Structures are given as structure tokens and as C-alpha cells.
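Next up is one chain by itself, shown in C-alpha cells, the form deposited without the named molecule.
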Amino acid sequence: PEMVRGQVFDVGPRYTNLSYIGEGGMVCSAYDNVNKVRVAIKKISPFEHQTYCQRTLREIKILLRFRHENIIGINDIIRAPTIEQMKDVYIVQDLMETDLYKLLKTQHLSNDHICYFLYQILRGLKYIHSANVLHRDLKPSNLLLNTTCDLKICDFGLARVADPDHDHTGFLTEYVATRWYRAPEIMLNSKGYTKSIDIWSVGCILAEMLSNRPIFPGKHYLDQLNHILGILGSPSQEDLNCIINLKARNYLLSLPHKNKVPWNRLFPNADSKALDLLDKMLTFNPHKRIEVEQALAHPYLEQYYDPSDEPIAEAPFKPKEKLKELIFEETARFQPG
């Protein structure tokens, strides 16, 4: 049994020469003796918990169905031959040089790189959204990059089927996405069941690519809205009229007027077309926010835009013990024979 930091990392004879990558459960790289490339392997041990089972099953199901150049695939899944003996699952994925979190911490991005990264994010997102799926946790660290800057979206653990008719909820209740990338409506009146949630996150990522700093670095859940409104300025009457919930609307009406910070002041070196797109992605009113297909068609991305090479999904998506069986069944295809 292969060990890494005194923990079982039991990936069998196919995968040898392991290195600790990080405890995201545990991630290691390994040499794939069939394909003769190094690969990334994630040990998952979810079987005690409803929620870990749920996220693991949901994610395996999604990644196995999706097939897209800008979405991480599952290459293999390793587990014991029986439910009884299955205590962990190993997911094998392409080893990627880096991720956009890592890259932003150290590397200035040229406008060509920002454009290309944005294109690839949106291309992948077009596919996701076309499958009626919301990623719901887009952020730099979930955007993987190889040495030639090919980008792949990962981590669908928090994804959901879109459900715009049931999106409404009360004020300060919802926690969807990672804070800095969370759309204002999540705090106000949204369960994050609409595609606009992901576009907001992409907007935030784009801003972060322009400056290497998060645009809305909320210190905590509540501060996040302070940041958003500090840049977007006070919502318009029309946008407030769109919020029927009184607690949310009256909270916003209670705030002192704040003016918009012009994007070309926040990002003086940015391409003007990039800022135009950014503006459209970081629109306060999620109904007015650009959608993924419009974003791909924006002038900023004209060098790459090619709808015929921006595929959509063929097959949109519509207790723990049973989830273990479903995880066991979902991973069956990877067993010998």
C-alpha cells in the first residue's frame, strides 16, 4: 500500500513515483505507467457523511458526463473491488502545471493572456451552462493551466442544475460561491440557482486578471457587499424595484449614496474592450448581466470567437448508504473489464 505522509495513498501499480501536491482530501502527482505521463490523483474519503457523499457523487457524475477541452476530465477512478472494502476513492486527472490563483500571485498577465484565459473560461462555461449546470464556485484556484496556458475549469463539487424559477430567497441567508467571487444578489435575495451567478464570478476573475488583486476582497460575508457597492455605486431605482424582498431593498435604500468608480480609473492599463465586457459581467442586476454566449461574442474576444468551435452539451442535466452504492456504481466503468 503506497504511503504519503503516513496516510494510505493506494493508487495501485498503475500509478507510481508519488509526490505530495497538497491537501485540498489529499492530492498527489504520480507517474501513469499506461499513458507514460505524470497525472494528478486526488484521494477522497467521503463515505461517513451525507454532504461529502453528495458532493463527490455530484461531481463524479458531472465530470464523467462532460467532455470539453476547457473542463477537467476524469481519466480514471480507483477504488476497492467491493463496497465493503471501499473506504476511499482516487480520482485521476490530467496533471496541470499551475492554476490561475498561483499564477496571479506571481505573474503579470499580458492582455493577450487575459483575453485567451477569459475566452477559455467562457468557452468552458458556455458548455456548462448549456448542460443546464451552474458551477457556483468559479474562482482562480478552480481554473487549471498547463505549461502552454491551456485552461481547464475544475471543482464541480458545489454545482447545481439551474433553477431560475426557484431562485428567490430572503436577505443575508445564502452563502453560494467563495466570498470574493459571490454575486451581490446572493446576499440580497438569491439562492444562486441562475447562470448569472457564474457570470459574476467570471467578471471578478477578469478584474483580478487585470490587476493581480481581487476586485472585491470582502474580509467576511457582510463586508463583501460593501466592496461591491463601493465600486458599482448605489443601485438604481430600476434595479432596486427589481428586488421585491423588503429586507433586502430597505437595506440598500438605507445606505448613503455611493457613486460608481469608473473602470478605467480602477484599471488604467486595461484594454478598453476588456473593461466594457467587465462592466457587463459585473452588472448589479443579474437580469441585465451579460450571459455566456453574449460574452463570447463581445468585441474583446473577437480574435477567438468561433461559435462552431464553442460546443454545447449533448445531454443537459435535469442517505449516505445509497450514495456509497451510487458512487460505487458511478465508478464501476473504471474497474478491470
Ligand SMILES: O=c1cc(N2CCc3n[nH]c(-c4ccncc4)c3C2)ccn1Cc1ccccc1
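Numbers for residues come from their place in the sequence shown, where the first is 1.
From this point on, the text means the form deposited with the named molecule bound, which you will not see here.
Quiz item: Quick one: the named molecule borrowed from its pose in the deposited bound form and superimposed here by the pocket C-alphas, is it open or blocked (3 or more atoms within 2.4 Å of backbone/C-beta)?
Solution: Output flag = blocked.
Exercise. Check whether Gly25 has any heavy atom within 4.5 Å of a heavy atom of the named molecule in the deposited bound form, and answer yes or no.
Key: Because a heavy atom of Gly25 falls inside 4.5 Å of the named molecule in the deposited bound form, the answer is yes.
Quiz item: Do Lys258 and the named molecule come within 4.5 Å of each other in the deposited bound form, heavy atoms counted?
Solution: Residue-level check for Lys258: no, no contact with the named molecule.
Quiz item: Do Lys42 and the named molecule share at least one heavy atom pair within 4.5 Å in the deposited bound form?
Solution: Close contact exists here: in the deposited bound form, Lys42 approaches the named molecule to within 4.5 Å, heavy atoms only.
Quiz item: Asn142 near the named molecule in the deposited bound form, any heavy atom under 4.5 Å?
Solution: So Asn142 counts as contacting the named molecule.
Exercise. With the named molecule left out of view, choose which of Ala80, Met96, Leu253, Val161 has a non-hydrogen atom within 4.5 angstroms of it in the deposited bound form.
Key: Partner contact (heavy atom, 4.5 Å) among the options: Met96.
Quiz item: Using a 4.5 Å cut on heavy atoms, which of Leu225, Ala248, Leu232, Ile72 is close to the named molecule in the deposited bound form?
Solution: Contact residue from the list: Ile72.
Quiz item: in the deposited bound form, does each residue in the set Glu59, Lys102 and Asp155 place a non-hydrogen atom within 4.5 angstroms of the named molecule?
Solution: Looking in the deposited bound form, the three residues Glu59, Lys102 and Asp155 all sit within 4.5 Å of the named molecule (heavy atoms).
Quiz item: What stretch, of 195-203, 86-94, 217-225, 125-133, brings heavy atoms to within 4.5 Å of the named molecule in the deposited bound form?
Solution: Contact-bearing stretch, as computed: 86-94.
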